[PDB]
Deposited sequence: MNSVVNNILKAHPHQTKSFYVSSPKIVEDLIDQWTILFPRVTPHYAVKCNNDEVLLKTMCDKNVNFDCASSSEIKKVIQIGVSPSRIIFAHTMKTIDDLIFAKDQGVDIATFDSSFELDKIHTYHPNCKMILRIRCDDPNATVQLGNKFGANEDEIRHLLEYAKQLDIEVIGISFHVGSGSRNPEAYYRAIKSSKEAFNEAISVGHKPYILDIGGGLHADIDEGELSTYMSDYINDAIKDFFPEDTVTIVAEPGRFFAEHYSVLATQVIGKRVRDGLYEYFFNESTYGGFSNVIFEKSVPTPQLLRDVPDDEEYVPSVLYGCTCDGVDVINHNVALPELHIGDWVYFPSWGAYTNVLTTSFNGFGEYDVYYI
């Protein structure tokens, strides 16, 4: 990667904007790994994590399906050439106009966690196949989702009965333990709770057949099987039947390693032995994960330094006016100079999708390799 980025810089000597270097082949290999790690689980890629059109086309061609959060994401996927039959509208709160659009296009599998959402379905998309999302938290997940989404255990039966009353077909149960989960027991407990909800749905008179284990998984490479082995044990313990279809909604598993982000030192200040640098990127650009996921990322220098190069205490600032916009508060690095380029590895998940134009910055290029 150090070589590739350096070659891009030499081939494009007038490069000024920060730039993503994205590799479809990385994602292809990871899709193949998913197939091996989770042989029973059909991935519905969470478009919200990274909606890069080459990434989505790569997914499409590898027979990966899609989790869309809005009508805009549905449109993106359809424009790639994917059948709307391959989309789960996996957001429990959908606008009436988005529901009408989904019905029209052929997106007819969606999630819910409220009676009012069932009312909307009844009126606007009456034959949409529904998946009840239940709350099952991983308390150690990086981004918590439980307060806002998912039915509590005590309303499961009521919601299923209400769906039955409105002639709404409930076809399965989903959960999301939280974004950025490394807790295998959380998935085990979630899958157990899902079987209990599945059994309530059957009791009410539904004929469910889908388990949706949501997202949260990292592709941790040292590729580790701690998460997958235990998830598969839970699938075996609670959903052994070949009549059940299992799906997932991974975002970061595929998107994380898709891209690196290259950025240039544009300003510098050295005070009492502390080396402060300003980059043509920011927490309002590609680095929102510093704010929302507590990321503390270390860059790779593109300039070669000797093995014995002295590291100095460094502060990596974003380019905006704001004091909150600090990429890394403290990191030991070789001394950098205005004009040096660095890159941040594994910068494809919840990075480019969260860009703003705050302060008039936020621009970037994308190179595919």
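Engineer: Which segments of the deposited sequence lack C-alpha coordinates in the modelled structure, numbering from residue 1?
Structural biologist: Counting from residue 1, the one stretch without coordinates is 223-225.
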